[PDB]
Amino acid sequence: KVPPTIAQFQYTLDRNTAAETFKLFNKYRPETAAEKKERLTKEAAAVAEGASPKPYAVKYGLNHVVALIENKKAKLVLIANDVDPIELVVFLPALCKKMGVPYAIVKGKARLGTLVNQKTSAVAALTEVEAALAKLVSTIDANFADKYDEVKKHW
Amino acid sequence: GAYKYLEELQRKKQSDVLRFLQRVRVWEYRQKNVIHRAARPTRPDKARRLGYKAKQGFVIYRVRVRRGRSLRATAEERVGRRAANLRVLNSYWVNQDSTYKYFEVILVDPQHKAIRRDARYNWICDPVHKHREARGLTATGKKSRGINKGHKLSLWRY
Amino acid sequence: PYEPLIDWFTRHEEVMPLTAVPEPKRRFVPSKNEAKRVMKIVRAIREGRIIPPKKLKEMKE
Amino acid sequence: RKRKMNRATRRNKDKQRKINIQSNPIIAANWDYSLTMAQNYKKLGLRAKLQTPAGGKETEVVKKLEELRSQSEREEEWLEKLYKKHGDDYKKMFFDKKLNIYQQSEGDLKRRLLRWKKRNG
Amino acid sequence: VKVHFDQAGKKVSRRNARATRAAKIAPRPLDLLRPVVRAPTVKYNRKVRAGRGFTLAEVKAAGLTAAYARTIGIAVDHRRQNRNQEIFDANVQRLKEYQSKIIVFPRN
Amino acid sequence: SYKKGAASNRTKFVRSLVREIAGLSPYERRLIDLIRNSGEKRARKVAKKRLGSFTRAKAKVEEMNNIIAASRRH
RNA sequence: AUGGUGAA
RNA sequence: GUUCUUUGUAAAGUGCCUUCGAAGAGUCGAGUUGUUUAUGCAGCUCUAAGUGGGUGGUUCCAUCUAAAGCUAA
RNA sequence: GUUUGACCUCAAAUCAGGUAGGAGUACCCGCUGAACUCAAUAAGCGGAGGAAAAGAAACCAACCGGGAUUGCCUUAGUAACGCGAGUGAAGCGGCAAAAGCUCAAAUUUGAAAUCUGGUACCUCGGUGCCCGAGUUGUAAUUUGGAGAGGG
C-alpha cells in the first residue's frame, strides 16, 4: 500500500485548467537553439556593419528551479507525475507548500517538456509574466491545493 | 540544489517512502536479468557525488548477487567480465533483499572519443587501469585490501 | 499500517529567504556569456569563413 | 628463446654521460662538460643545492642581469561616446542608461576613460 | 637472498640522473628551499633539522604569495603551522635572503 | 582546525523539511510512543540498545522530546 | 599434498 | 633568434571596506560468526551527528576532516 | 478527434563507427591455499604495466611538532607475543627524490554558453551546416590551504 506521502501525484489538475496552464506557458517558450543562433548571427552582422529589455522564459531545470524555490522567486511550479525517480519530486510539493508558493501536478513528463523544447523536463516553473497568471494560480489553488488539502490522509 | 535534499531523503532509508520504494523496485529488479543495462541511475545524487556524469560515454549497470568475498567486489568483477570493454570505476548500493543484494555500478567507456577528449577523465583510458575491478583497485577493493593510514634477507658489500 | 501524516512543518510560511546570497551583476547585465558568442561570430565573419545571413538569401539560385 | 634468436644493435653507454645543457644557451657558452655538475656550478658562480651538501667537498652572473594594453574598437567607440556625452562627469555617466548598459561603477569608468584619453589626449 | 652488488652501479645511475636533471634544470638548483625545523621526541628536540615546506603564514610574512613562491621554487606546506617565534623568524630571514639573492628572467 | 560545521540555518531548514516529509521511522515511532506511554528514561534505555554510541542515542532521545512538543502544538 | 594422465 | 597574428566594454592575481559562506549513509559505529599478523577484512540483525565525528593519554586535552578520484621521481 | 504524435520500455540488422578472449608471466595486484608451530610458503585461478602498487592524512605525535607515497641504515634482534621451542614490528633520527591537486558540494538563468556522430574544405585536428546526447545536468567559476558576490 502506498504511504500517504506517495500518491500525491496521479491526482492532478483538471482538463480545462491544465489546458489553460499549457496555453499560458506556451506564451513564454524559451528561444530554441536555432532561433537563438540565428538571432545571434543577425546581431553580429548588424554590429559588424552598423541594449534590449530583459527576456522572459519558463524555468525547467530541476537544479535551478529548486534554487529559485526557497528564495521565493518561483511564482508557480508545475511537476510531472510519471517521473521515474519519484524521490526527485516527492519533496518538491512539500518544499513549495512550506515556502508558500503555488504548485501543481501534471500527468506526462514528455508533455511537460514539449513546451520547453527539451524532450523531458520533470518539473517547470515561471519567474515573470501578463495578468492571467493570478487567475490561473487561484484556479489551481481552489482545484487542487485547497480541494485536495487532505492529501496527507488515505493510503 | 535538489541533491542537497536528495541526500537527506536517502539518509532516512527506514522512512516509509523509501521503504515503499525499495519493495516496489525489488520485484522489477528480480524480473530483470542477472545483469542488465540501466538507462538512468536510480540514485542520481550518489552517482553524481561518485564522479559519474550524464555526458555521452557513461553507462550505468545493475547486477544481482546472492547473499550469505565482498559482495561489492564480486558484483564489480561480474559486471566487468561481461563488460570487457568498459571500466568499472565505482559501484554503490541501491537495494537489498532477503536472498539477494542489488548494487548499481557505473561504467566508463575508454574507447569513446568523448571520454578520451576531456582531461577530467582521459586518465581512465590508459592501459594501466585496464580491469581495475579485477585487481581490487576500486573503493571497495581498496577497503577490502586494508589500505588504512596509521597503525591500523639482505647482505651488503661490507 | 494505515495512518495519516502530520503537517507539523508544512503549516507556517517563511518570510526571509533561507539564504542571503549577494546579487550578482550578471543578473543585472545583458548576458556577457552571450556577448562572448556574439563577438566570436563577429570574428568569424571578419575572417570571412562565415557568410552573412543576407548573402544566404541572395545566393539561393 | 635466446638460443633460437642467436641461431637491433643500439649504442648508448657513451651517450649517457655527454648530456648537453640544452636548458640555457647562456650557461652552455660558459659550461664545461669536462667538469662535474657541482664543479661547473662553482665555475659559473651559481649555487648547486639550497640545502647543505652531504659529506665532504662574476662575469657569468653579470651576463644574466641584462636579461632581468588598449581598448577594443567597439569599446573605444563606446568610451568616446560616453566622454562626448558627459566629459569627465563620471557620476552622470553612471546613471547614463543609454550608454552605461552594464552599470559600470565610478571607478571602472575612470579607469577605462583615462586609458582612452591616453591615446586621444 | 638480496645482495647489493649494484651499490656502485646504483650510485652511478643516481649521479647520471642528477646530471641529466641539471642539464634540464640548469638555471635552478634542482631542489626547492625548505625551512628549518625542530624535531619532536625530546631526545631529538635539541637538534634542529630541515623541513618539507614553509607555512602560508611564513610565505605571507616573507612578502610573496604561495603561487609565486612555488614558481620561485620555494617549498610550500599548507598543512604546517608556526608555534615558536624563533623558528618563524629564522624562516623569514632565510626567505628574505633567498629572495635577495635570486634573479628571475622575464617570461619571454 | 578552523572549521567545525555550523548549520547556518540552510541545513536546519533542509533537515527539518526532510524529517517532516519522510515522517518517522519505526524506531522513531516507537521512541515517541514510549515517550508518550513510558518515559524519557525508558526511551533512552531503548535507544541505547537500538542505536550504537550512548551519546548518539542520548542526543536523539533529547531531540525527540522537542520534535513531539513542537509538532503537537501545530 | 598440489596439478594432470587412464582404464573393465 | 626569425617571424603572420596580437583585443574583446576578454581573463587572472594581490592589499583595503562590506555582505554571504557547503563537506562522499546500509556508511562510521555496535554484537556475533569465519579469516588475519590480539590491529584489519568478510557474512549478518541494528545502524545514527553535524559549535559533529575519527585516533590517543590524562581531572577532558592534542591533531585531522573519513565513507569519491588522478598523479613522473 | 474510436484518427495521432510524443515520452518510457522491449526487440532486429551480412547497417556505420568501436572493443575482450589468446600468448608471455622474472617482477606486480587480488581469490583460493596443502606437508615434512611448518606457512598468511608452494601449486591453481583472474588481471595488467615497464615497473606494478601506494601517494598527497578522520597520519604519527604527548614535542621548543612534524607534514604525499615507497626503498636503505638505524631504531632492533628492542617493544610485543608464544617467555618455552620460535615469531617479531612501528614513531623519532640520517640517506636518494620530492608536485601538485580534481568533482559532490551554494542559480550560467540577461540566454546548455557543453559535447558525440554525418557531410563540404585545409587531416595525432580546425571551420560552416545537419542530426543526436543533454535539463533525472553538459562548460567556466570553489575543494577546507577554504571559497563567492560586489566597491
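Residues numbered from 1 in each chain as written, not as in the entry; some residues may be left out. Chains lettered and ligands numbered in written order. Part of a larger assembly, values for the part shown. Heavy atoms only, no water.

Structure determination for this entry is recorded as cryo-EM, at 3.9 Å resolution.

In the annotation of the PDB entry, chain F is listed under the name 60S ribosomal protein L36-A and assigned to Saccharomyces cerevisiae. On record in UniProt, under Subcellular location, the comment for chain F is "Cytoplasm". Its UniProt record, at the heading Sequence similarities, says of chain F: "Belongs to the eukaryotic ribosomal protein eL36 family." (UniProt positions renumbered as here; feature names shortened; annotations may be inferred.)

If you look chain E up in the PDB entry, it shows as 60S ribosomal protein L13-A from Saccharomyces cerevisiae. Per UniProt, the comment on chain E under Subcellular location is "Cytoplasm". Reading the Sequence similarities entry of the UniProt record for chain E gives the comment "Belongs to the eukaryotic ribosomal protein eL13 family."

Asker: Sorry, what's going on with the overall build of chain F here?
Answerer: Within chain F, the regular secondary structure consists of four helices and zero strands. Ordered by position in the sequence, the α and β elements of chain F form the string α-α-α-α. In terms of overall dimensions, chain F has a C-alpha envelope of 40 × 35 × 20 Å along the principal axes. Contacts in chain F between residues at least 24 apart in sequence constitute 39% of all its contacts with a sequence separation of at least 6. A total accessible area of about 5,100 Å² is found for chain F, and carbon and sulfur atoms account for 49% of it. The positive charge centre, built from 21 side chains, and the negative charge centre, built from 6, are 5 Å apart in chain F. (Helix = DSSP H or I, 4+ residues; strand = E, 2+ residues; numbered from the N terminus. Contact = heavy atoms within 4.5 Å. Areas by Shrake-Rupley, 256 points an atom, 1.4 Å probe, with all protein chains shown as cover. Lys, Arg positive; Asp, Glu negative; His and termini not counted. Charge placed at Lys NZ, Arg CZ, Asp CG, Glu CD.)

Asker: How should I be thinking about the packing of aromatic side chains in this particular structure?
Answerer: Working definition: an aromatic ring pair is given by the centre-to-centre distance plus the angle between the planes. All chains considered together, the criterion is met by twelve aromatic pairs over all chains. For the ring pair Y83 of chain D and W116 of chain D, a centre distance of 5.2 Å and an interplane angle of 40 degrees mean the geometry is tilted. Here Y83 of chain D is found in helix α5 (residues 73-86), whereas its partner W116 of chain D is found in helix α7 (residues 106-118), with 33 residues between them in sequence. Residue class for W116 of chain D comes out buried when judged on its relative accessible area of 5%. In this structure an aromatic cluster arises from ring pairing among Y103, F144 and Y148 of chain A. Lying across the ring of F9 of chain C, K98 of chain A places its NZ or CZ 4.8 Å from the centre. (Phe/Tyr/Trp six-rings, centres within 6.5 Å; stacked < 30°, edge-to-face > 60°. Buried < 20%, exposed > 50% of the residue type's maximum accessible area, 1.4 Å probe, protein only. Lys NZ or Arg CZ within 6 Å of the ring centre and 35° of its normal.)

Asker: Is there a simple way to explain the pattern of salt bridges in this structure?
Answerer: Close approach of charged atoms allows side chains of opposite charge to pair. What the rule picks out here adds up to 36 salt bridges over all chains. For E7 of chain B, the salt bridge goes to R11 of chain B, with nearest N and O atoms at 3.1 Å. Taken as a pair, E7 of chain B and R11 of chain B lie in helix α1 (residues 2-11) at a separation of four residues, close to a single helical turn. On the basis of relative accessibility, which here comes to 24%, the residue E7 of chain B falls in the partly exposed class. Note that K85 of chain D and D96 of chain D form a salt bridge whose closest N and O atoms lie 3.2 Å from each other. Of this pair, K85 of chain D sits in helix α5 while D96 of chain D is found in the loop between α6 (90-94) and α7, placing the two residues eleven residues apart along the sequence. (Salt bridge = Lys/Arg side-chain N within 4 Å of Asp/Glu carboxyl O.)

Asker: Would you explain helix α6 (residues 132-145) of chain A in this entry?
Answerer: Note that an α-helix has 3.6 residues per turn; residues three or four places apart therefore point the same way. Residues and elements named next belong to chain A. Taking 1.5 Å of rise per residue, 14 residues should cover 20 Å, and α6 covers 19 Å from first to last C-alpha, within 8% of that figure. Those residues of α6 that fall on the buried side of the exposure criterion are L133, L136, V137, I140 and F144. The buried residues of α6 occupy an angular sector of 100 degrees when projected down its axis, which confines them to one face. Looking at α6, the residues exposed on the side facing more than 90 degrees away from the buried face are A134 and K135. Turning to α6, the residues buried within the fold contact α1 (15-26), β1 (76-80), β2 (103-106) and β3 (123-126). (Expected span 1.5 Å × (residues − 1). Arc of directions from axis to C-beta.)

Asker: Help me understand the sheet that holds β1 of chain A in this model?
Answerer: Two pairing modes exist for strands in a sheet, parallel and antiparallel, and in both the strands are linked by backbone hydrogen bonds. Residues and elements named next belong to chain A. Strand order in the open sheet formed by three strands is β2-β1-β3, with mixed pairing between adjacent strands. Where the open sheet ends on each side, the last strands, each with one partner, are β2 and β3. Across this sheet, the average inter-strand angle for adjacent strands is 20 degrees, counted without regard to direction. Against the sheet, helix α4 (residues 87-99) touches β1, β2 and β3, its axis set at about 160 degrees to β1. (Pairing = 2+ DSSP bridges. Axes fitted to C-alpha atoms, helices over the stretch in contact; angles between N-to-C directions.)

Asker: Looking at this structure, I do not really get α1 of chain B. What am I missing?
Answerer: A2, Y5, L6, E8, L9 and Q10 of chain B are the residues of α1 of chain B that are buried. Taken together, the buried residues of α1 of chain B touch α3 (62-68) and α4 of chain A, α2 (16-31) and α3 (44-49) of chain B together with α1 (10-22) of chain F.

Asker: What am I meant to see in the interface of chain C and chain A here?
Answerer: Accessible area lost during the coming together of the parts is what is often quoted as the interface size. Each partner contributes to the interface: chain C provides 24 residues, whereas chain A provides 23 residues. Taken over both partners, the interface formed by chain C and chain A buries close to 2,200 Å², and the fraction arising from carbon and sulfur atoms is 66%. On the chain C side of the interface with chain A, the three residues burying the most area are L5, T10 and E14 of chain C, jointly 21% of the side's total. With its nearest N and O atoms 3.5 Å apart, the salt bridge here joins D7 of chain C to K97 of chain A. It is helix α1 (residues 32-47) of chain C that contributes the most residues to the side of chain C that touches chain A, six residues altogether. Among the residues making up the side of chain C that touches chain A, the classes are represented as 14 nonpolar, three polar and seven charged. (Buried area = accessible area lost by both parts, 1.4 Å probe. Nonpolar A, V, L, I, M, F, W, Y, C, P; charged D, E, K, R; others polar.)

Asker: Just checking my understanding: could you explain the environment of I25 of chain E for this structure?
Answerer: Its place among the elements puts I25 of chain E in the loop between α1 (7-24) and β2 (36-38). Separated by 18 residues in the primary sequence, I25 of chain E and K43 of chain E place their C-alpha atoms 38 Å from one another.

Asker: So what exactly am I meant to see when it comes to the side chain of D45 of chain B here?
Answerer: As for its placement among the helices and strands, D45 of chain B is situated in helix α3. Owing to a relative accessible area of 9%, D45 of chain B belongs among the buried residues under this scheme.

Asker: Is there a simple way to think about the protein's contact with RNA strand H in this case?
Answerer: Not every one of the 61 residues close to RNA strand H is listed here, only the nearest: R49 and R67 of chain B, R43 of chain C, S70 of chain D together with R50 of chain F. In RNA strand H, atoms within 4 Å of the protein come 67% from sugar and phosphate. A distance of 2.7 Å is found between a phosphate oxygen of RNA strand H and a side-chain nitrogen or oxygen belonging to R74 of chain D. Between a sugar or linking oxygen of RNA strand H and a side-chain N or O atom of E75 of chain D, the distance comes to 2.5 Å. Secondary-structure elements contributing two or more residues to the surface near RNA strand H are α1, α3, β3 (87-96) and α6 (139-145) of chain B, α1 of chain C, α5 of chain D together with α4 (54-73) of chain F. (Near = heavy atom within 4 Å. Polar contact = N/O pair within 3.5 Å; in protein donor to acceptor, adjacent residues only side chain to side chain.)

Asker: How should unusual backbone geometry be read in this particular structure?
Answerer: A negative phi holds for most residues other than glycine; trans holds for most peptide bonds. Residues and elements named next belong to chain A. Positive phi, normally seen in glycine, also occurs at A122, with a value near 60 degrees. With respect to the secondary-structure elements, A122 resides in the loop between α5 (109-114) and β3. The backbone of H154 shows a phi angle near 65 degrees, a positive value even though the residue is not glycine. Within the secondary structure layout, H154 lies in the segment after α6.

Asker: Just checking my understanding: could you explain a nonpolar patch on the surface for this structure?
Answerer: Together, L153 and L155 of chain B together with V1, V3 and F5 of chain E make up an exposed nonpolar region whose accessible area comes to about 600 Å². Checked against the element boundaries, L155 of chain B lands in strand β5 (residues 154-155). Since its relative accessible area comes to 42%, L155 of chain B is described here as partly exposed. (Patch = residues over 30% accessible without salt bridge, like charges linked within 9 Å, V, L, I, M, F, W, Y side chains within 5 Å.)

Asker: Sorry if this is basic, but what is going on with the nonpolar core here?
Answerer: A general trend in soluble globular proteins is that nonpolar side chains are found buried together. Formed by 39 residues in total, the largest nonpolar core has its most connected members in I69, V77, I79, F91, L92 and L95 of chain A together with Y5 of chain B. At the level of elements, α3, β1, α4, β2 and β3 of chain A, α1 and α2 of chain B together with α1 of chain F are the ones that each hand at least two residues to this core. The element that contributes the greatest number of residues to this core is α4 of chain A, accounting for nine residues. Leave out the neighbours within four places in its chain, and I79 of chain A touches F9, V89, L92, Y103, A104, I105, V106, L112, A122 and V123 of chain A. Counting 23 residues, the second largest nonpolar core, distinct from the first, contains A18, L112, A124 and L126 of chain A. (Core = buried A, V, L, I, M, F, W, Y, C linked by side-chain atoms within 4.5 Å.)

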